[PDB]
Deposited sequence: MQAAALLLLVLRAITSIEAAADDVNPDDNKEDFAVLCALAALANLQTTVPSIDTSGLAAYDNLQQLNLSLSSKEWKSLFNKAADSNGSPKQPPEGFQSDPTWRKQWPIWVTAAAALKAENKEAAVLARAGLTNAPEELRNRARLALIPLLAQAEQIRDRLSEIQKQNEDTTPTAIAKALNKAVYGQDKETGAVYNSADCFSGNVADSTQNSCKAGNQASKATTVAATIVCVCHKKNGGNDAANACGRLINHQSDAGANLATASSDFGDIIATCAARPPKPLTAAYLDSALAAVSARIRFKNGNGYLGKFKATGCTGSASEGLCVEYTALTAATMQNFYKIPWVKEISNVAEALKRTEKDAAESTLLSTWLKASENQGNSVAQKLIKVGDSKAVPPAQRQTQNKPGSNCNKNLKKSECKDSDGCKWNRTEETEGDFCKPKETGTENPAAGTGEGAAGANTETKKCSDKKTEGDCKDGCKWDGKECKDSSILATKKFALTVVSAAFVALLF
């Protein structure tokens, strides 16, 4: 009976599935967009405004530019930035602190004017940097620990929640379990069912009731204290025994590379026979939990040339979406470090122009 499903026959599949299951209820840090440069740019805006004429300052003390400028593209772009700067300078002692940092406390009118003009090229250089940093901030704002946890809890348990996700067949199998194990343990088909990591573990590892089971296929250390019932009717109790043996922890912070390597590893283990793909040992008839048949997920009609469809199965899609988001955020976080360092440097440069202008 070496060709039947025996204890340990799905042990190596189970190690990969354990790694994936450990993405449930995850508490990870995400790469941070370093937005300290936005504050540095806002300080430069405040200096520029403080040094401006009374006629210019009068424009801010409105939701839109004044008559004549409501259609000027530069005024439309800058209005909120200017308004924020004006608002921040209303705060007690703020303008005095801004001028002091710039060397401009009690500055003569001519020096205030020459200093403001000296900021023109500096601000023009910094604008493009600040706008890229603001774009990065916006583009990555949905890449958060909470959004990742929810997506991964959909992947593992079919539950769109940040924490407290647990095995429930109503969620782990699409529409709950099917009339038969064979139909429940199919994915990608018209009647796709095994659409989460947890359902995949049930199908690859469960002990069916009624004899002729493949208990301990996923490892001899599982203590199957019950069974999954007939046709997975009571899978939850058995799943709890299986998952109790899994200790996996992903690297922290979670990376795109780690998720991509996990999906690649599964892709490398799926085997094609007679027009379907299989994860877990398949002998004949279907993925039924019976030892002489199979303990597996049947990727119905999956072939090497249609493998793109594996990436559309819910759990795979959710993990893929997390990986893609992380892939962008990792790069944009590293970019933002330098954008923010550059903008802080521009702030320091702005605070130095008065010394040059005093000396001539």
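No C-alpha positions are given in the record for the deposited-sequence stretches 1 to 19, 81 to 88, 388 to 509.
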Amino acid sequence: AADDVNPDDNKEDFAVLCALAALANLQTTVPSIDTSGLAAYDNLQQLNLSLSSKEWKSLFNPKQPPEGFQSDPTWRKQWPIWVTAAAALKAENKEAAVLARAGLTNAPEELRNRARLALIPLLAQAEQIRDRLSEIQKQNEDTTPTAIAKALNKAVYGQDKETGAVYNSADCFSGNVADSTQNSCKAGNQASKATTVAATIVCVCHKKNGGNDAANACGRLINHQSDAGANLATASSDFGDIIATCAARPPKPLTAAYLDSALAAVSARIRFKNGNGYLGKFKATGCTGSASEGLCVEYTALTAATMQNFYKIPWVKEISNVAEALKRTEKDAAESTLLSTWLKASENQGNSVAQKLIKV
From here on, numbers count along this sequence of modelled residues.
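Mean C-alpha B-factor is higher over 187 to 195 than over the other stretch, the pair under comparison being 187 to 195 and 277 to 285.
A summary of the deposited B-factors shows that, of 303 to 311 and 44 to 52, the stretch with the larger mean C-alpha value is 303 to 311. Taking the PDB entry at face value, the top CA B factor among 121, 240, 103, 158 belongs to 103.
The residue among 153, 176, 93, 182 whose C-alpha carries the highest B-factor in the deposited model is 93. Ranked within its chain, residue 337 lands in the highest third, by CA B factor from the PDB record. Compared with the other modelled residues of the chain, the Cα B-factor recorded for residue 63 ranks in the highest third. When the modelled residues of the chain are ordered by their C-alpha B factor, residue 112 lands in the highest third. Remark: residue 28 belongs to the highest third of its chain, ranked by C-alpha B-factor as recorded.
In the deposited entry, the Cα temperature factor of residue 317 places it in the lowest third of its chain's modelled residues.
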